[PDB]
Structures are given as C-alpha cells and as structure tokens.
Protein chains: 4
Amino acid sequence: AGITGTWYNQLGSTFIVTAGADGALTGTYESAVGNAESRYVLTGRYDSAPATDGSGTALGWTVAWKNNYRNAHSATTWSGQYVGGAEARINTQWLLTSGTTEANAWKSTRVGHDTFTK
Amino acid sequence: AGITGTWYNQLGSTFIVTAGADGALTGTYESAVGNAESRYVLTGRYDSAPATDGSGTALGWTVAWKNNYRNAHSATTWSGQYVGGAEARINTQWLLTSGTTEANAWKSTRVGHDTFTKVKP
Amino acid sequence: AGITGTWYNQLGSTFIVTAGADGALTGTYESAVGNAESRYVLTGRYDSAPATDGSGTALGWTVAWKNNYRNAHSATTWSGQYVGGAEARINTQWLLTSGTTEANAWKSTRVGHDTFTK
Amino acid sequence: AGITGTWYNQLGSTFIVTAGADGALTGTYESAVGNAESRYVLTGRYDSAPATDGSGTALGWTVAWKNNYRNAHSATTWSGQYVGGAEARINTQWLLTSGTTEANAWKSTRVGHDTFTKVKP
Ligand SMILES: O=C(CCCC[C@@H]1SC[C@@H]2NC(=O)N[C@@H]21)Nc1ccc([N+](=O)[O-])cc1
Ligand SMILES: O=C(CCCC[C@@H]1SC[C@@H]2NC(=O)N[C@@H]21)Nc1ccc([N+](=O)[O-])cc1
Ligand SMILES: O=C(CCCC[C@@H]1SC[C@@H]2NC(=O)N[C@@H]21)Nc1ccc([N+](=O)[O-])cc1
Ligand SMILES: O=C(CCCC[C@@H]1SC[C@@H]2NC(=O)N[C@@H]21)Nc1ccc([N+](=O)[O-])cc1
C-alpha cells in the first residue's frame with residue numbers, strides 16, 4: 001500500500017511495482033539510461049512486518065536487462081529502504097553486474113544509488 | 001544454465017534456485033551467519049538469452065530477512081554472474097540493507113561478496 | 001584550486017582539503033555522525049590532468065578513524081569525482097571497513113554515498 | 001602491523017606500502033589489469049592503535065590512475081582490514097570511479113574486491 005505504486009528516480013526511470021501480501025514485489029521497470037528500451041520485468045522482496053519504531057521498511061528488487069527490444073546481458077539489484085511520509089521516498093543503492101569473460105570479471109560490476117519519489 | 005540447483009557460498013549458507021525459461025529465479029535461502037535461521041524466500045531475475053561469446057550469464061536476487069522463525073528488518077540483494085565449466089561457480093557482490101531511522105539511514109547498508117558452488121558443506 | 005577548499009556533505013560533515021601539485025589531497029575530516037570526535041587526518045589522490053571534455057575530475061581520500069579523542073578502529077575511503085560549476089559539487093561513494101574477527105569479517109563493510117558542496 | 005611490505009592481489013597487481021607510526025600509508029601501486037602501466041602513487045591511512053581483542057587492523061588507500069606512462073581519468077579506493085597470522089592477508093573491497101559527464105555520472109563507479117598476500121607472482 002505505502003510501497004505499492006509507481007515511482008521515479010533522479011535519472012527519470014519508471015518503477016511500477018505491487019507490494020505483495022507474501023512479501024513479494026512484482027511489476028515492471030523502464031530505465032531512462034543505459035541500453036534499456038521499454039519495460040523490463042522485475043521481482044523482489046520486502047519486509048512484511050517492519051519495525052514499529054520509525055525505521056523504514058527494508059526491500060530490494062532485481063531487473064534482468066532482457067525483454068523483446070534489447071538484452072544488455074546484465075542484471076541490476078537495488079537494495080534499500082522505504083520511508084513513508086510527506087516525502088515518501090524509497091532510498092536505495094544498486095549493483096550492475098555484466099556477463100563477461102573471466103578476464104574482465106574484475107570490472108564486471110557497476111555500483112550506484114537511486115532515490116525514488118512517488 | 002546449471003543455475004537451478006543447490007549452491008554454497010564460503011559462509012556455508014545454502015541457496016536453492018530454479019530458473020524459469022522466462023528469466024526468473026525462485027527458491028529459498030538459508031544463511032549460516034546473522035539474524036537468520038531456517039529458510040527465507042528468494043525472488044530473482046537472470047538472462048535467459050546469454051551472449052554466446054565467452055561472457056558469463058548475469059543474475060540477481062533478493063532475500064527479505066523475514067519468515068516464521070525471525071524478522072531482522074533488512075534485505076540482501078545478490079548481484080553477479082553464473083559462470084559454467086568444470087566446477088560451476090556463481091560469482092556475486094551484495095548489498096544488505098536494514099530498515100532504520102533518519103539518524104541512521106547513513107549506515108544502513110553493508111556491502112560484501114559471495115561465491116557459490118555446487119558442493120561443499 | 002577548484003578542488004582545494006572546505007566542503008560539506010548532506011550529513012553535515014566538514015571536509016577540509018588542499019589539492020596538491022603532485023596530485024595529492026591533504027587535510028582534515030570532521031564527521032557529524034558515527035563515533036567521530038573532532039578532526040581526523042585525511043589523505044588521498046586526484047586526477048592532476050582531468051579530461052578536457054566535460055568529464056569531472058576523479059579522486060578519493062581515506063580517513064582512518066583515529067585521533068586524540070577516539071579510535072573507532074576503522075577507515076572510510078571515499079571514491080568520486082569533482083565537477084566544477086555554478087553548483088560545484090564533489091559526488092562520491094564510500095567504504096566503511098571495521099577491524100573485526102574473521103567470524104564477523106562478512107559484516108565488516110558499510111557502504112554509502114556522500115555529496116559535497118562548497 | 002606487517003602492513004609495510006610487498007603484497008599481491010589475485011589479479012597479480014603489486015602493491016607496495018610503508019606504514020608510518022602516525023597512521024599513514026605511502027608507496028606505489030602497479031595494476032596488472034586496466035588502463036594501467038608502471039607504478040602509480042598511493043596515499044592512505046590505517047589504525048596505528050588497533051583493538052587488542054581479536055579484531056583485524058582497518059585500512060584504506062587511493063590510487064589516481066595517472067602517472068608518466070598513462071592517464072585513465074579515474075581513481076580507486078581500497079578499503080579493508082589487515083589480518084595477521086601465519087599467512088598474512090589484507091582483505092579489501094574497492095570503488096573505482098572514472099571522471100565523466102552528467103549523462104554518464106550514473107555509471108561512473110565500478111565496485112570490486114581484492115585480497116592481498118605477501119607472496120605469489
Ligand atoms: O546494461 C545496461 C542496462 C541499462 C542500465 C540501467 C541502470 S540500472 C541502475 C541505473 N538506474 C537506472 O534507472 N538506470 C541505470 N546498460 C549498460 C551496460 C554497460 C554499459 N557500458 O558502458 O559498459 C552502458 C550501458
Ligand atoms: O539479519 C540479517 C540477515 C543475515 C545476513 C546474512 C548475510 S547476507 C550476506 C552474507 N551471505 C550469506 O549467505 N550470509 C550473509 N542481517 C543483519 C541485520 C541487521 C544488522 N545491523 O547491523 O543492524 C546486520 C546484519
Ligand atoms: O567507525 C565509525 C566512525 C564514524 C563514521 C563516519 C562515517 S564516514 C561515512 C559517513 N559520512 C560521514 O560524514 N560520516 C559517516 N563509526 C561507527 C562504526 C560502527 C557503528 N556500528 O553501529 O556498528 C557505528 C558508528
Ligand atoms: O584505468 C583504470 C585503472 C586500472 C584499474 C585496475 C583495477 S583497480 C581494482 C583492481 N585491482 C587491481 O589491482 N587492479 C584492478 N580503470 C578504468 C578506467 C575507465 C573505465 N571505463 O569503463 O570507462 C574502466 C576501468
């Protein structure tokens with residue numbers, strides 16, 4: 001409900017997900033940069049019973065960059081927390097791993113942080 | 001994509017996957033360290049159509065540290081590549097984020113790296 | 001000159017550094033959160049001859065959390081780029097490693113991203 | 001703190017340090033991979049007064065990928081702990097950031113992990 005919705009990060013990406021009962025996140029992702037074309041499938045997990053304190057709700061999803069238009073041969077996992085409020089945000093960090101040959105395995109991962117607004 | 005199987009990272013945590021022909025991962029995860037105990041559910045995505053050159057297959061998945069045995073208010077995202085051959089290893093980096101308050105948001109994410117293989121206790 | 005100065009991140013930390021001729025960064029750091037008390041020494045490296053394009057200047061320093069008031073037994077390395085301008089910023093990401101016993105080695109590192117303003 | 005020595009990560013890059021009694025590291029770094037060639041300078045900080053329990057000594061250092069041989073417009077920060085014993089290993093994670101334009105800022109940082117030891121070619 002708080003999490004279930006449609007979001008947007010600073011890069012302009014579109015994040016449409018449904019916060020499951022089981023603690024499942026399901027939806028689609030449309031990236032605004034990189035070799036992304038249109039929506040991609042997306043799946044993750046969230047804390048069904050977050051702290052009662054003020055803590056945010058932890059979560060994280062995974063976009064495998066393959067659909068009918070492009071296959072960038074690589075997945076991104078966003079790990080972060082949701083914070084409800086007057087400024088409902090979803091703050092995260094993410095990991096861009098690329099299939100590569102062991103000789104490039106070292107420069108295989110790209111790292112960063114996306115902040116979503118609703 | 002020998003991906004569907006039972007793997008083991010160096011912490012000896014068990015990871016059990018099944019890769020659908022669509023690009024989805026499902027299954028469980030049982031850590032050997034941390035506020036964990038028993039199986040936690042896992043949901044992921046992976047490249048159903050990987051490059052045919054040498055390139056390894058890419059993948060990712062999440063485990064919300066909550067189940068019937070415990071709730072650690074946190075989640076981990078594994079991101080890396082499945083690399084096949086004689087010994088099959090799936091190489092990843094990970095982000096473990098615990099839910100927190102403003103004052104702590106800053107130190108909410110821990111970062112690490114896990115290597116998984118088909119055998120070892 | 002562009003880099004040499006005194007900065008501030010979103011957490012309120014104070015970053016005072018001098019951009020060396022050699023490509024050396026030197027100065028002090030005063031953190032606003034964690035177990036930091038007062039200034040700590042700091043040392044790093046920067047790109048002496050950055051791209052002529054529009055690219056930012058890459059850099060990165062290291063604060064070892066020990067001074068006369070506290071020793072949090074841990075170092076932080078910030079890796080990022082400087083971007084001059086009307087909104088001169090220094091965007092980075094950092095790694096908080098803690099001395100620990102191999103049994104906690106796994107949860108040894110803490111990750112994040114600081115954005116500095118001048 | 002056997003820290004001052006000659007180490008080697010699994011990529012077989014050479015790292016040469018000297019730890020001052022103040023908490024500073026100095027020396028060079030010679031990668032075996034990437035837009036690197038020859039020695040690049042390195043500046044770091046480390047715990048001069050480490051915990052006496054078991055805890056490993058923490059450390060960090062930076063290498064701006066520029067010298068007389070090449071300029072890759074990027075820098076790497078290694079962060080981790082020196083862990084002594086029979087075989088001495090210094091365990092780190094790293095952030096390699098290349099300078100870029102707005103449109104690319106988003107993919108400027110690569111992340112990885114390196115393990116260093118006193119011997120191996
Ligand atoms: O494989 C990629 C696919 C597209 C990347 C989307 C990323 S997910 C993190 C960030 N947040 C967003 O909303 N969008 C970006 N593209 C790609 C891969 C490699 C290179 N490269 O230069 O190596 C360039 C683009
Ligand atoms: O309760 C959690 C979950 C347990 C973490 C297991 C980690 S997942 C990365 C690595 N790979 C594995 O197979 N096992 C380990 N962790 C947690 C929660 C809060 C805090 N905290 O500091 O507040 C620290 C850790
Ligand atoms: O060892 C630490 C020392 C202080 C941390 C300063 C960090 S550097 C990244 C970030 N940017 C800032 O400007 N300040 C913070 N503190 C510490 C260590 C462990 C825990 N812990 O709960 O485990 C709490 C505080
Ligand atoms: O030119 C650079 C520097 C070479 C990187 C060596 C890395 S440091 C982490 C690891 N540990 C080592 O000992 N060696 C490797 N890299 C660079 C610059 C630009 C891009 N780019 O994609 O634009 C990629 C890599």
# chains A, B, ... in the order shown; residues from 1 in each chain; ligands from 1
>>> residues_near_ligand(ligand="ligand 4", cutoff="9 Å", atoms="only C-alpha atoms and all ligand atoms", output="MDAnalysis selection string")
(chainID A and resid 106:107) or (chainID D and resid 8:15 29:37 63:66 70:78 93:100 107:114)
>>> write_last_selection(atoms="N, CA and C atoms", output="short mmCIF file (atom, residue, chain, number, x, y, z; two decimals), in the first residue's frame")
data_model
loop_
_atom_site.label_atom_id
_atom_site.label_comp_id
_atom_site.auth_asym_id
_atom_site.auth_seq_id
_atom_site.Cartn_x
_atom_site.Cartn_y
_atom_site.Cartn_z
N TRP A 106 36.88 -8.77 -13.30
CA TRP A 106 37.17 -7.72 -12.33
C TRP A 106 36.33 -6.47 -12.54
N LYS A 107 36.22 -5.97 -13.77
CA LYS A 107 35.42 -4.77 -14.00
C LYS A 107 33.99 -5.12 -14.38
N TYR D 8 50.32 -8.85 -2.99
CA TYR D 8 49.83 -9.22 -4.32
C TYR D 8 48.36 -9.64 -4.29
N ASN D 9 47.51 -8.94 -5.02
CA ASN D 9 46.12 -9.37 -5.04
C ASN D 9 46.05 -10.47 -6.10
N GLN D 10 44.92 -11.15 -6.14
CA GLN D 10 44.67 -12.24 -7.08
C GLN D 10 44.75 -11.82 -8.56
N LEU D 11 44.88 -10.54 -8.84
CA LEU D 11 44.97 -10.16 -10.22
C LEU D 11 46.47 -10.07 -10.48
N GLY D 12 47.22 -10.32 -9.42
CA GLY D 12 48.66 -10.22 -9.55
C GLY D 12 49.10 -8.78 -9.82
N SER D 13 48.51 -7.83 -9.11
CA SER D 13 48.91 -6.44 -9.26
C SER D 13 49.82 -6.28 -8.06
N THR D 14 50.83 -5.42 -8.13
CA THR D 14 51.72 -5.25 -6.99
C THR D 14 51.37 -4.00 -6.26
N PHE D 15 51.39 -4.12 -4.96
CA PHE D 15 51.07 -3.05 -4.07
C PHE D 15 52.24 -2.93 -3.09
N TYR D 29 51.57 1.54 -6.53
CA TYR D 29 50.65 0.51 -6.93
C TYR D 29 50.80 0.25 -8.43
N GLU D 30 50.93 -1.03 -8.80
CA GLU D 30 51.08 -1.43 -10.19
C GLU D 30 50.06 -2.48 -10.59
N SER D 31 48.96 -2.05 -11.21
CA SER D 31 47.91 -2.96 -11.62
C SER D 31 48.35 -3.85 -12.76
N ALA D 32 47.72 -5.01 -12.86
CA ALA D 32 48.03 -5.94 -13.92
C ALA D 32 46.91 -5.88 -14.94
N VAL D 33 45.83 -5.18 -14.58
CA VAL D 33 44.69 -5.05 -15.48
C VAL D 33 44.28 -3.60 -15.67
N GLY D 34 43.59 -3.32 -16.76
CA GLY D 34 43.09 -1.97 -16.99
C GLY D 34 44.02 -0.99 -17.67
N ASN D 35 43.58 0.26 -17.76
CA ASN D 35 44.39 1.31 -18.39
C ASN D 35 45.44 1.71 -17.36
N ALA D 36 46.36 0.77 -17.13
CA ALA D 36 47.42 0.93 -16.17
C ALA D 36 48.69 0.38 -16.80
N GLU D 37 49.82 0.88 -16.30
CA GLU D 37 51.14 0.51 -16.78
C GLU D 37 52.15 1.24 -15.92
N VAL D 63 44.52 5.38 -5.32
CA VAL D 63 45.47 5.44 -6.42
C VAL D 63 44.75 6.19 -7.53
N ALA D 64 45.27 7.36 -7.91
CA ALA D 64 44.69 8.17 -9.01
C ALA D 64 45.41 7.58 -10.22
N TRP D 65 44.64 7.09 -11.19
CA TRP D 65 45.26 6.43 -12.32
C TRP D 65 45.96 7.29 -13.33
N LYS D 66 46.87 8.08 -12.80
CA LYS D 66 47.65 8.95 -13.61
C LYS D 66 49.10 8.98 -13.18
N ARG D 70 50.63 6.80 -18.30
CA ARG D 70 49.25 6.91 -18.77
C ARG D 70 48.39 7.72 -17.83
N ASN D 71 47.21 8.10 -18.32
CA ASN D 71 46.23 8.85 -17.53
C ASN D 71 44.87 8.28 -17.91
N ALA D 72 44.28 7.52 -16.99
CA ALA D 72 42.99 6.88 -17.23
C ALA D 72 41.76 7.64 -16.71
N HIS D 73 41.97 8.83 -16.16
CA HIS D 73 40.89 9.63 -15.64
C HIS D 73 39.96 8.78 -14.83
N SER D 74 40.47 8.38 -13.67
CA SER D 74 39.76 7.56 -12.71
C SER D 74 40.67 7.35 -11.50
N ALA D 75 40.08 6.84 -10.41
CA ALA D 75 40.78 6.57 -9.16
C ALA D 75 40.14 5.40 -8.41
N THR D 76 40.93 4.67 -7.64
CA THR D 76 40.39 3.53 -6.92
C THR D 76 40.66 3.70 -5.44
N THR D 77 39.68 3.36 -4.62
CA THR D 77 39.88 3.44 -3.19
C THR D 77 39.72 2.00 -2.66
N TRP D 78 40.75 1.52 -1.99
CA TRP D 78 40.71 0.19 -1.41
C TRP D 78 40.37 0.43 0.05
N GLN D 93 37.72 -4.28 -0.26
CA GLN D 93 36.63 -4.06 -1.18
C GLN D 93 37.11 -2.76 -1.84
N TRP D 94 36.68 -2.45 -3.06
CA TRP D 94 37.12 -1.21 -3.71
C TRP D 94 36.12 -0.51 -4.63
N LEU D 95 36.30 0.80 -4.75
CA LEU D 95 35.48 1.66 -5.59
C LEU D 95 36.37 2.34 -6.61
N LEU D 96 36.14 2.03 -7.89
CA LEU D 96 36.91 2.62 -8.98
C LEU D 96 35.97 3.56 -9.68
N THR D 97 36.27 4.85 -9.58
CA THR D 97 35.47 5.94 -10.16
C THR D 97 36.15 6.68 -11.31
N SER D 98 35.56 6.66 -12.51
CA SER D 98 36.18 7.39 -13.62
C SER D 98 35.46 8.71 -13.78
N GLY D 99 36.19 9.78 -14.10
CA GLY D 99 35.58 11.08 -14.30
C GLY D 99 34.69 11.03 -15.52
N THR D 100 33.54 11.70 -15.46
CA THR D 100 32.56 11.69 -16.55
C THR D 100 31.64 12.90 -16.62
N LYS D 107 26.96 5.88 -14.22
CA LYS D 107 27.71 4.64 -14.37
C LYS D 107 29.19 4.86 -14.22
N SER D 108 29.57 5.82 -13.41
CA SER D 108 30.97 6.13 -13.24
C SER D 108 31.76 5.22 -12.29
N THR D 109 31.08 4.66 -11.30
CA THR D 109 31.74 3.81 -10.31
C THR D 109 31.59 2.31 -10.47
N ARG D 110 32.72 1.60 -10.50
CA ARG D 110 32.74 0.14 -10.59
C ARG D 110 33.11 -0.32 -9.19
N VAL D 111 32.59 -1.46 -8.76
CA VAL D 111 32.87 -1.98 -7.41
C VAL D 111 33.50 -3.36 -7.44
N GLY D 112 34.42 -3.65 -6.53
CA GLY D 112 35.03 -4.97 -6.55
C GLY D 112 35.63 -5.38 -5.23
N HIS D 113 36.42 -6.44 -5.24
CA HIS D 113 37.05 -6.88 -4.00
C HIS D 113 38.41 -7.49 -4.30
N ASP D 114 39.42 -7.10 -3.50
CA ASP D 114 40.77 -7.62 -3.69
C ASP D 114 41.34 -8.19 -2.42
#
>>> residues_near_ligand(ligand="ligand 3", cutoff="10 Å", atoms="only C-alpha atoms and all ligand atoms", output="JSON, numbers by chain")
{"B": [104, 106, 107, 108], "C": [8, 9, 10, 11, 12, 13, 14, 15, 29, 30, 31, 32, 33, 34, 35, 36, 37, 62, 63, 64, 65, 66, 70, 71, 72, 73, 74, 75, 76, 77, 78, 93, 94, 95, 96, 97, 98, 99, 107, 108, 109, 110, 111, 112, 113, 114, 115, 116]}
>>> write_last_selection(atoms="C-alpha atoms", output="PDB file, in the first residue's frame")
ATOM      1  CA  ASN B 104      20.843   6.040  10.939  1.00  0.00           C
ATOM      2  CA  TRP B 106      23.553   6.717   6.629  1.00  0.00           C
ATOM      3  CA  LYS B 107      24.858   3.391   7.968  1.00  0.00           C
ATOM      4  CA  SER B 108      22.040   1.159   6.852  1.00  0.00           C
TER       5      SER B 108
ATOM      6  CA  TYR C   8      30.205  19.872   3.435  1.00  0.00           C
ATOM      7  CA  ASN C   9      28.079  16.783   2.751  1.00  0.00           C
ATOM      8  CA  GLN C  10      24.385  16.111   3.400  1.00  0.00           C
ATOM      9  CA  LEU C  11      25.144  14.633   6.844  1.00  0.00           C
ATOM     10  CA  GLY C  12      26.855  17.852   7.894  1.00  0.00           C
ATOM     11  CA  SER C  13      30.413  16.561   7.833  1.00  0.00           C
ATOM     12  CA  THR C  14      33.249  19.011   7.318  1.00  0.00           C
ATOM     13  CA  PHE C  15      35.817  18.199   4.645  1.00  0.00           C
ATOM     14  CA  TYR C  29      37.918  15.490   8.353  1.00  0.00           C
ATOM     15  CA  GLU C  30      35.290  16.138  10.996  1.00  0.00           C
ATOM     16  CA  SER C  31      32.400  13.699  10.882  1.00  0.00           C
ATOM     17  CA  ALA C  32      28.926  14.607  12.047  1.00  0.00           C
ATOM     18  CA  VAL C  33      27.847  11.034  12.773  1.00  0.00           C
ATOM     19  CA  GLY C  34      29.191   7.712  13.986  1.00  0.00           C
ATOM     20  CA  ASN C  35      31.821   7.686  16.693  1.00  0.00           C
ATOM     21  CA  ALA C  36      33.734  10.666  15.458  1.00  0.00           C
ATOM     22  CA  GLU C  37      35.021  13.422  17.651  1.00  0.00           C
ATOM     23  CA  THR C  62      40.984   7.906   3.160  1.00  0.00           C
ATOM     24  CA  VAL C  63      40.044   8.745   6.773  1.00  0.00           C
ATOM     25  CA  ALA C  64      41.397   6.348   9.381  1.00  0.00           C
ATOM     26  CA  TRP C  65      39.122   6.936  12.372  1.00  0.00           C
ATOM     27  CA  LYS C  66      41.800   7.622  14.975  1.00  0.00           C
ATOM     28  CA  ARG C  70      38.527   8.450  19.745  1.00  0.00           C
ATOM     29  CA  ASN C  71      39.605   5.437  17.736  1.00  0.00           C
ATOM     30  CA  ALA C  72      36.544   3.866  16.095  1.00  0.00           C
ATOM     31  CA  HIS C  73      39.016   1.273  14.772  1.00  0.00           C
ATOM     32  CA  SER C  74      38.009   1.699  11.173  1.00  0.00           C
ATOM     33  CA  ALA C  75      38.720   3.546   7.960  1.00  0.00           C
ATOM     34  CA  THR C  76      36.499   5.134   5.290  1.00  0.00           C
ATOM     35  CA  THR C  77      37.559   5.593   1.697  1.00  0.00           C
ATOM     36  CA  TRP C  78      35.529   7.978  -0.481  1.00  0.00           C
ATOM     37  CA  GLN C  93      30.534   6.796  -2.572  1.00  0.00           C
ATOM     38  CA  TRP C  94      32.465   5.424   0.367  1.00  0.00           C
ATOM     39  CA  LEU C  95      33.504   2.251   2.195  1.00  0.00           C
ATOM     40  CA  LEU C  96      33.450   1.880   5.954  1.00  0.00           C
ATOM     41  CA  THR C  97      35.630  -1.071   6.885  1.00  0.00           C
ATOM     42  CA  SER C  98      35.887  -2.135  10.545  1.00  0.00           C
ATOM     43  CA  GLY C  99      38.595  -4.209  12.156  1.00  0.00           C
ATOM     44  CA  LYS C 107      29.604  -7.818   8.034  1.00  0.00           C
ATOM     45  CA  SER C 108      32.811  -5.863   8.143  1.00  0.00           C
ATOM     46  CA  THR C 109      31.991  -3.257   5.479  1.00  0.00           C
ATOM     47  CA  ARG C 110      29.466  -0.485   5.461  1.00  0.00           C
ATOM     48  CA  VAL C 111      28.671   1.320   2.205  1.00  0.00           C
ATOM     49  CA  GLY C 112      27.117   4.641   1.223  1.00  0.00           C
ATOM     50  CA  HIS C 113      27.409   7.857  -0.772  1.00  0.00           C
ATOM     51  CA  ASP C 114      28.313  11.409   0.282  1.00  0.00           C
ATOM     52  CA  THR C 115      27.732  14.534  -1.849  1.00  0.00           C
ATOM     53  CA  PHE C 116      29.804  17.569  -1.009  1.00  0.00           C
TER      54      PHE C 116
END
>>> atom_distance(atom1="CA of residue 1 in chain B", atom2="CA of residue 81 in chain B")
11.0 Å
>>> closest_residue(among="D:6, D:103, D:51, D:80", to="ligand 1", atoms="only C-alpha atoms and all ligand atoms")
D:103
>>> closest_residue(among="C:43, C:91, C:4, C:101", to="chain A", atoms="only C-alpha atoms")
C:91
>>> select_by_dssp(residues="chain A", states="strand (DSSP E or B)", output="VMD selection string")
chain A and resid 5 to 8 14 to 19 24 to 30 39 to 46 57 to 66 71 to 83 89 to 98 109 to 112 115 to 117
>>> decode(residues="range 57-68 of chain A", atoms="N, CA, C and O atoms", output="PDB file, in the first residue's frame")
ATOM      1  N   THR A  57      11.075   0.513   5.878  1.00  0.00           N
ATOM      2  CA  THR A  57      10.864  -0.886   5.556  1.00  0.00           C
ATOM      3  C   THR A  57      11.937  -1.342   4.574  1.00  0.00           C
ATOM      4  O   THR A  57      12.065  -0.787   3.500  1.00  0.00           O
ATOM      5  N   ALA A  58      12.724  -2.338   4.938  1.00  0.00           N
ATOM      6  CA  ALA A  58      13.745  -2.790   4.016  1.00  0.00           C
ATOM      7  C   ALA A  58      13.136  -3.552   2.834  1.00  0.00           C
ATOM      8  O   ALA A  58      12.041  -4.126   2.946  1.00  0.00           O
ATOM      9  N   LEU A  59      13.847  -3.545   1.700  1.00  0.00           N
ATOM     10  CA  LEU A  59      13.398  -4.227   0.488  1.00  0.00           C
ATOM     11  C   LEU A  59      14.499  -4.334  -0.552  1.00  0.00           C
ATOM     12  O   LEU A  59      15.658  -4.118  -0.244  1.00  0.00           O
ATOM     13  N   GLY A  60      14.126  -4.658  -1.788  1.00  0.00           N
ATOM     14  CA  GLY A  60      15.103  -4.812  -2.848  1.00  0.00           C
ATOM     15  C   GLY A  60      14.559  -5.671  -3.971  1.00  0.00           C
ATOM     16  O   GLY A  60      13.956  -6.700  -3.720  1.00  0.00           O
ATOM     17  N   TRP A  61      14.761  -5.240  -5.213  1.00  0.00           N
ATOM     18  CA  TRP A  61      14.269  -5.993  -6.357  1.00  0.00           C
ATOM     19  C   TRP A  61      15.401  -6.266  -7.327  1.00  0.00           C
ATOM     20  O   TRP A  61      16.509  -5.814  -7.114  1.00  0.00           O
ATOM     21  N   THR A  62      15.115  -7.014  -8.388  1.00  0.00           N
ATOM     22  CA  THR A  62      16.118  -7.387  -9.405  1.00  0.00           C
ATOM     23  C   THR A  62      15.622  -7.223 -10.842  1.00  0.00           C
ATOM     24  O   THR A  62      14.635  -7.853 -11.210  1.00  0.00           O
ATOM     25  N   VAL A  63      16.282  -6.399 -11.657  1.00  0.00           N
ATOM     26  CA  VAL A  63      15.881  -6.278 -13.059  1.00  0.00           C
ATOM     27  C   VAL A  63      16.937  -6.976 -13.895  1.00  0.00           C
ATOM     28  O   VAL A  63      18.124  -6.664 -13.815  1.00  0.00           O
ATOM     29  N   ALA A  64      16.505  -7.959 -14.671  1.00  0.00           N
ATOM     30  CA  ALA A  64      17.422  -8.671 -15.565  1.00  0.00           C
ATOM     31  C   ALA A  64      17.188  -7.951 -16.896  1.00  0.00           C
ATOM     32  O   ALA A  64      16.087  -7.998 -17.440  1.00  0.00           O
ATOM     33  N   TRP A  65      18.202  -7.267 -17.409  1.00  0.00           N
ATOM     34  CA  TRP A  65      18.017  -6.478 -18.615  1.00  0.00           C
ATOM     35  C   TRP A  65      17.753  -7.163 -19.947  1.00  0.00           C
ATOM     36  O   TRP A  65      18.491  -6.998 -20.914  1.00  0.00           O
ATOM     37  N   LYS A  66      16.660  -7.921 -19.981  1.00  0.00           N
ATOM     38  CA  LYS A  66      16.213  -8.610 -21.187  1.00  0.00           C
ATOM     39  C   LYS A  66      14.680  -8.523 -21.339  1.00  0.00           C
ATOM     40  O   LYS A  66      13.915  -8.774 -20.377  1.00  0.00           O
ATOM     41  N   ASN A  67      14.256  -8.148 -22.551  1.00  0.00           N
ATOM     42  CA  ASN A  67      12.847  -8.055 -22.933  1.00  0.00           C
ATOM     43  C   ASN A  67      12.784  -8.327 -24.455  1.00  0.00           C
ATOM     44  O   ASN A  67      13.646  -9.028 -24.993  1.00  0.00           O
ATOM     45  N   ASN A  68      11.791  -7.800 -25.159  1.00  0.00           N
ATOM     46  CA  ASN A  68      11.742  -8.036 -26.608  1.00  0.00           C
ATOM     47  C   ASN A  68      12.551  -7.095 -27.497  1.00  0.00           C
ATOM     48  O   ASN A  68      12.767  -7.400 -28.684  1.00  0.00           O
TER      49      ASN A  68
END
